[PDB]
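Labels A, B, C, D, E, F, G, H, I, J, K, L and M are assigned to the chains in the order they are written; within every chain, residues are numbered from 1.
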Amino acid sequence: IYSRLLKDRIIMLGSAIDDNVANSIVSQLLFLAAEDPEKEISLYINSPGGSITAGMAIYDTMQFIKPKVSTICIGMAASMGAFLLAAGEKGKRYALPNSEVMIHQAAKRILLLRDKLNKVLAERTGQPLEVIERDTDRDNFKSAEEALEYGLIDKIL
Amino acid sequence: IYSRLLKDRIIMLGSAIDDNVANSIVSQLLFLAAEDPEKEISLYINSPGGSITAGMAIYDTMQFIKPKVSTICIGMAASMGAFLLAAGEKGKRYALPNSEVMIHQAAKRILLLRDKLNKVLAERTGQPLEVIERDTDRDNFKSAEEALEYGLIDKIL
Amino acid sequence: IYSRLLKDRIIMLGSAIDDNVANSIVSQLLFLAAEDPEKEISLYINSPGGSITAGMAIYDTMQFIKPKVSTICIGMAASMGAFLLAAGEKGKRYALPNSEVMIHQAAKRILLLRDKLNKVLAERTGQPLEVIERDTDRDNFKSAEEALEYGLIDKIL
Amino acid sequence: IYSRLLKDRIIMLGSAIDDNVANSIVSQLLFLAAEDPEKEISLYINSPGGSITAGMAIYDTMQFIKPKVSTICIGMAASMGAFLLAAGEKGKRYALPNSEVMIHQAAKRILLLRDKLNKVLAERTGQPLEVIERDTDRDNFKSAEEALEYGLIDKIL
Amino acid sequence: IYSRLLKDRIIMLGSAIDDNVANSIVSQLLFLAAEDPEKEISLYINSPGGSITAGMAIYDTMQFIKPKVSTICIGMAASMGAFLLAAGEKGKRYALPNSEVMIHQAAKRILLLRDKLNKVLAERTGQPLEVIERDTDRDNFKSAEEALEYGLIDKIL
Amino acid sequence: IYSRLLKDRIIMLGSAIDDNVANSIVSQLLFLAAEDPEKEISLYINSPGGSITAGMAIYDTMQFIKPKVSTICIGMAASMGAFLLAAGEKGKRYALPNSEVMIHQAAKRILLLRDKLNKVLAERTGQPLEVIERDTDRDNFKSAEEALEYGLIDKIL
Amino acid sequence: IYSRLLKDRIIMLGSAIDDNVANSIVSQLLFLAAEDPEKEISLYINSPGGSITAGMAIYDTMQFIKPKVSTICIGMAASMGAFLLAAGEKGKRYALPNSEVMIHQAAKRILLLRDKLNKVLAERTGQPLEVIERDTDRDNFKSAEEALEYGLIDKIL
Amino acid sequence: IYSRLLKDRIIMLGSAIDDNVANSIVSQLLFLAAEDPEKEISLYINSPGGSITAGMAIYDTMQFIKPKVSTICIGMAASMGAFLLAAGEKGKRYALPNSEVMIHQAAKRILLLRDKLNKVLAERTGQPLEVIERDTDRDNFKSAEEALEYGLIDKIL
Amino acid sequence: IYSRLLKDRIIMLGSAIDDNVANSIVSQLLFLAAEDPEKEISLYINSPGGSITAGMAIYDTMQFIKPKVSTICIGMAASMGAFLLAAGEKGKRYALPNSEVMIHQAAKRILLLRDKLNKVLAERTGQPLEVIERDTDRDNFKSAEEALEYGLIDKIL
Amino acid sequence: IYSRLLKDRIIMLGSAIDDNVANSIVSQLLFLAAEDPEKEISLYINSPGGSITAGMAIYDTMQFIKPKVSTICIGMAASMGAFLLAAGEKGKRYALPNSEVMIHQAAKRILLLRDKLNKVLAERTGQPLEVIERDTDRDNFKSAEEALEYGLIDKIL
Amino acid sequence: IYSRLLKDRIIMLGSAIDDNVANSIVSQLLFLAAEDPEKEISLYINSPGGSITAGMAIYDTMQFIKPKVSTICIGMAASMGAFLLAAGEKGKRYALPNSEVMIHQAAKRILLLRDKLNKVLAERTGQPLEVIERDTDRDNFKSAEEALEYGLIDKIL
Amino acid sequence: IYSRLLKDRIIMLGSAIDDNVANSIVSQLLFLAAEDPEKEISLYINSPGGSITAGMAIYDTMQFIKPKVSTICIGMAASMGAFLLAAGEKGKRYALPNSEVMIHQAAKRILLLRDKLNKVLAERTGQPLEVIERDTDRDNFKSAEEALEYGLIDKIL
Amino acid sequence: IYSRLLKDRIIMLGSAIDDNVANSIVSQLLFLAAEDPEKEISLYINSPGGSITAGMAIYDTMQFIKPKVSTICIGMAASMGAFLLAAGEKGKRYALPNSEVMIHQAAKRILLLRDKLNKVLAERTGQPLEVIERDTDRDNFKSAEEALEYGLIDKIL
């Protein structure tokens, strides 16, 4: 069934996040580039969470091709999918009016990531780092509407 | 087998309810959505129950799209499928004269939904609200006819 | 070894009775429905028995699909699986001269079906109920001819 | 393999005898029926034995159809395929000169088949029932030629 | 891989000898036989041994049909499996100059075969019973050349 | 996917390194030779590490052919994949601005390879030797930029 | 993969050596053979070792056909692959400049092969048999260049 | 646990009845048989079912021993073992006021035995045998006092 | 510790209630009567759930035996342990100031049993009847404090 | 449990007959060898079956020793151990009034032993020979006094 | 070894906290009650995590018995053990200069209990309340040193 | 039992060949030769077969020591082990009138040792050498009486 | 032997370092702590590796108690554990003239620890900090001899 989806340039991502699946999406993204350079694309999500290493693995590639990328959320969305959520163009990041989002987290390597990560997410919104930190270690489930003020999303339908 | 089913425009849902199967239905709903808009679909059920997180993971979708969705019950319809039953169009919610139907049922959020749920059926059914909580916390298996008076459904053959 | 069955439409029902198969049969019955309004089907049987839920689950379906149904028995005809047997049309029921057919058997519910069940099967012939509760609680293997007198069958080759 | 095996109207029966395989042959025997009613077919055997129930399940079915059935034996055939061997048309039961076909073999009905069964083999040739019960209770491996005097077999090669 | 193997009318017999494989060979031999008789066949072998009940399940078959059969050996030609080597036509049984061959080896009937069996293989060559039991009960590996004096072989490249 | 991407002259290498996968890459590398050998190709990477033996197995193969090979890194690159990274042509190899590498690790046979392996990597980057072995045994996760002055990689976007 | 691969006269041999693969390969030799006895075949190798029973199983075949055979090694090559390495025509046995080999490694029959084997390997190259024998239980891993003195091979690119 | 349990002449029988335990239950009886003919013994029950052949292994054993036996019941007296409830003396067979009890069930011997057993109550309980057969074929449970009117039980508590 | 436990005349019961464990319990009680049937006994709990049929295995023993019993609760008591919490000497049933407690739950038998319980607790508590079912059929956890004013418990600590 | 049995000079044999258990029983037999060869023993049985080779492992053993032996049967006497029923003396072989007993069963020796046994029982029963094989080859169950006519049993109870 | 510990009044608690283990502790605890009022058992810890519902079960017991208790920590103290650490006397709660203690975590009940914990530690620490509730949900491993000033620990070594 | 087996110098060896019986022996040979190397030690057998290299672990051990040894057989003197039958004092090797004893079977070693044993039994029996070569390579059973005439056995019973 | 190992104050530590084993070793130290604070103790090692977090669970304890400790090494002294080599008295650290010793290796805190150890050994050995650091971070397996002068050990044997 996943195949027949792909015939009009749509993807799904809901199970979990490892390295094995990570190789699939990148490959999926790469096939879709070499058939046309400009046919718009979307992305649908319903995630539990994930590791840290692949979060850049996808963001770098998404920032790489000829065409653009849109994003959509569904219900639950974790720390990782959140970063993926605010990754397409600014006014193509829709959601649903029942959805939750959260934010949450071989040594000297990683400390570059948690800082590099915040640099992105605190620059697409304008919100400064002081807002980020105390709201990044904790766990408080925002909603659809209040997230818009936070600067993750443009216009719920 | 299923390849021929979808050429007619029909879905099945009868095993149980997790995130895994929940990930599947959405895609099928999304498949036909891009094939045609003038293709009001049906939906059959034989459910034991389910979780809560996917409950408001479908009604979110079913409300949006250009087509409309009828739905039908068979045998035993549980808490979750019930919320799905009285969820499509006003006058396209049929059932059968042998059909058991009943109605019943991180921490800082789940307590919000079952007030959001009960905020639904009081509108669809017209019924008041406190009548729900004495009926929803209890267990009283109803049937075709006597469940009609609540206003879950609209017709039978 | 199923494709050329459904052309020259025929079904088989041979292993046992659970919810899993219960969802399969209904679909095949639904396959023929939207394929033709007239394709009088048959149904061959070899059962050990089953549960109570799927039993009336099917009999309702057989009547919603007014395109007519024929039924045939083989060897051993079990409990509720055999209740299907007389449930088809009155003059399109048949069996074989080597065959047995045996009849016997979440609380307030089930006590109704064993009344609703006998309510049906005693109306096909005109037998009382108390004649049934002598026969249904007990166990006595009958055969082709001696079971005809109870009034299950209409003819035989 | 079993496809082109079957496109020339031929079957195998080699492993053992359960209900699972029993449900399979009946279907094949029914496959060929609706393709042609006069394409008189054959059947090969290499059996260890089996249960009691399906023995009748096949013999009645052979008798139900219009076309004719030929049978052949190979090596071993215990007292469940042997019944099948002497069940096709009289002038079409062949065998081989290296073959051992010797035969030896809820409650209220099991005793009946062993009488109904002996009714056949004796009525097939004309042997009495004591000679039947004398050598049936026991086991003594007869062969190709000496089997012929019983009346099982007509030809050989 | 099989689809092209059986094309050109060639087979292989490579692992071991049970009842399961025994049904596979006969079926193949029959499948070829249902096409053109004049499609002269061959056969290749490499075996560790086998049982006896299937040893005289094939020579029966190989000897009836109109098409002639050629046989070739590889490596270790062990018991029974070797008995087929001499069982083809007299002027085609080739072999290889590296290949060994060993010819060693209910309780009223199995004893008959070891007499039936020796009678064949001695009549094939004209090598009396003295040579048989002297060499059959024992274990002595023979090569290409020295095997030829027994008359197993007829030629070689 | 694999048939779908490989038709576009692309490869992937994501999991880990054994002998079995080593046999697959060569096979892919050889399938793609004969089909238009003027097609320059690529190779994408995401590696945890691996053994030593295949490391040469690919590098020697890469030179045997007529076509040419470009290479790209993603995120994490291990010791061997790094050797692969500096395997292709000069200004036809790239990386990403969020990635890193790492370079560290039947007796005599192993020992020679550490030299020959080190031999190549020093005669590609205009670097001396003690610069290498000193940084080899240790472990220091470098970046995009500082790698470029280390003569591994260039021409990044 | 192997389908569109195997068209162009190529095989692989990567994992290890048992009896099961031994039968699989000979088939591949035979499929290309009767399909086209003109196709100049080739062969590639990578092995840890093997048994002895299958070494002669192939070399007898490799010569038996009409066409020719070329052989190539990569990296590692074991005792059995080595004998196979010197199986093709004198001027079509190449290798790679990073590769090695080794030459090393019921009763009455197995012993003959160790002597039969050495007789081959000397007459193909010319060296006396004792010097050949003398390093045939001594493990001492050789390279590309120093192998050429033995006459194992004839040319590297 | 039971090192002290057998001391005091006490038993428990709580799980089921198969071949394993039946042999074990025996060994408990006659370890005590040697010690005294006067030291009385008790016996407690809680069964969910029971076999048939093993049932006539114990009532046999329970007679022709020196010591005297008493019995006490609990909960759900399933079948067969129950027969054991009526196995001691007319005034040593107690029960409890929440205890229910039911009574239910080669060919030449099995059909013989469940008739022999009825003749055993041609000695004990509800005299009019023809009415012993009236009940055991039926499925309807009983209570303590509702069962006293037969004579299964003699001193309640 | 467990042999030391029973010598202290103390029990623990904290995992679950099935058929297996229930037989272990009944033994322990009477075993304390084995040494002395005049000795005050304790009984502690911490249960997550409970069965139903096994519940009417224990209540009688607690009333059958000679000695007196006291009961104490911990943490979470499901449906059944509450019945046991109110089962002992009146002024000998205690609890802790954290012990949440709740009370919750063939066809001709089961529906009879859960009327015997409603028939009871009004006698032990001293409360009405249909106010029992008014709360027994729902789910609402009652604390320690609000349980005292009910009547379940009478000396807290 | 069993070390106390052996200190009672008593055995049990109730499961089956294979290689494993027979090695145990001889040792149980032989434990008393080191003890006094006085102090006669007993032997109890309940077998569903039995092998043949192990049967002639025990019969001899009973005669080699000095002690005298008696035997007692229970329920069913499958075969081979059964024979052991008639192994002691003509006047120490008791039974019970429900104990059904039946009789039943390399080439060069397996034939030889079922002949050796038939040579025996006529010495123990006193009956002829060719009536033994006439009756042992069939299958038919005989009760106690049905065997007392023969001599298998000598003092019933 | 643990069987010897209880004699030298000491516990270890080092793996985890689930249902099974908790019942050991209570049992391990109260056995030592009567043996001395001034037992003042030690209690050692090294846990990686902790549950929530089982935690309260211990606190009541620890603050129930007549004996006193002292507690000592080792390294990694997860969420719950911290509560359990402070559970003791004001001056008998020691630690080590190497350790790291952290603080971390039915909706009508589960959410309700962490209220009760936050209600407590301000009594043991003397610190305020709502400063707990903001610093408890975050994650910052505090040392031995900086954890003294709160009041968790009362002496060091 | 198993020490009490060792008690009064007795062994059993009845399953198969394993590497662990010398361990069971050297206590005896050392503790008894310390006590008295002349007492009645014994050894019993019942084997289906054995290996060849393990056999030359024991025959030496039975002669390195001072004490004397006797040997007794049961039935299957399978192979190798048997050698052990004739491996004790020449007048202490008994047997039974029921036993089907038989005798049967790197490279530089294994071909040496089956010759070594052939060099022995002529010393223990008294027969020639090359008659052994022809009588062990074959396979024919010999009884007790047929074996005494050789010299394997010296006092029957 | 293991209780006897604990006797005369001896330990072994030879498999690995994980969570389970660390707790035993602690308890082993603690049982010995109670008997005397002065009876010295030994400690032996042979480790293949070692964790990090578990390592800072022991060094404290070995410094905590009153008794002294002396330590001895064997062969492969891996990472972490070894730290324990130099974790006793200044002059009771022996070794063997055959052994090879190595010294090797949340993010906010783990980075504290592998620096915290580097804080130590300049104190335990006496060598400056940076030297310790670089040597510790490479792989350089030192001997007994050359590892003495670093100061890890001060006597050999």
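Keep this in mind: a residue touches a chain if its C-beta (ideal position, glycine included) is under 8 Å from a C-beta of that chain, and two chains touch if they have at least 3 such contacts.
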{"item": "Pair from C-D, D-J or C-H with over half of its contact pairs in common with E-G", "value": "C-D"}
{"item": "Result of counting contacting C-beta pairs for C-D and D-J, higher pair", "value": "C-D"}
{"item": "Inter-chain centre distance, subunit B versus subunit C - centres from mean C-alpha coordinates, in Å", "value": "30"}
{"item": "Subunit F and subunit J, separation of their C-alpha mean positions in angstrom", "value": "77"}
{"item": "Distance between the centres, which are taken as Cα means, of subunit M and subunit D, whole angstrom", "value": "79"}
{"item": "Inter-centroid spacing, subunit M versus subunit A (mean Cα positions, whole Å)", "value": "47"}
{"item": "For subunit I, residues contacting two or more additional chains", "value": "108, 140"}
{"item": "Residues of subunit E touching subunit G in the complex", "value": "1, 4-5, 8, 10, 12, 14-15, 44, 46, 74-76, 96-100, 141, 157"}
{"item": "In the complex with subunit E, residue positions of subunit G that touch it", "value": "19-20, 22-23, 26-27, 30-31, 34-35, 53-54, 56-57, 60-61, 64, 108-109, 116"}
{"item": "Interface residues, subunit L side, partner subunit G - complex", "value": "107, 110-111"}
{"item": "Subunit H to subunit C touching residues, read off their complex", "value": "137-140"}
